[PDB]
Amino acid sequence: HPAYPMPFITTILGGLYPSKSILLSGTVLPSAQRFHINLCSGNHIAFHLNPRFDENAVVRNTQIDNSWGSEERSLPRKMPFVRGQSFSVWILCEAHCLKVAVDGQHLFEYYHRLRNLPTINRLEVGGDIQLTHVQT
């Protein structure tokens, strides 16, 4: 299995809705600094999942136009993403929030800030990883 182009952008026909799942698998580059997964709506980023190896954190936020909201960084356990290590991310959309699991284990919830779920119809992946698979 080769690699997807990076950054990778693709439409999510129908957008989001309760029970909607988006899966991604890949490998964090050996000296990765950061990478991100965005769920977009028009010119806004409804959900920005941003693991950072330089800060050893997983940042989540929303951007309306060019205005970033308040970041959410809480984690129930140690940073699950590791440089040079393969990973899988599962994003499950519920009515009130997104539930995110990494490597098969739930990591956090993100309450919807952009609530018109069907309008969240674009996925963007960028940064320091080798993207090997996406299931929209």
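Don't overthink the numbering: it's just position in the shown sequence, from 1.
Trainee: So which stretch wins on mean C-alpha B-factor, 10-18 or 121-129?
Mentor: Looking at the recorded C-alpha B-factors, 10-18 comes out higher on average.
Trainee: Hey, which bit's got the bigger mean C-alpha B factor in the entry, 33-41 or 59-67?
Mentor: The deposited B-factors put 59-67 ahead on the C-alpha mean.
Trainee: Sort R73, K78, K99, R52 by C-alpha B-factor from the entry and give me just the highest.
Mentor: Max CA B-factor in the entry, restricted to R73, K78, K99, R52: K78.
Trainee: Among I91, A95, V28, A46, which residue carries the highest C-alpha B-factor recorded in the PDB entry?
Mentor: By C-alpha B-factor in the record, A95 ranks first.
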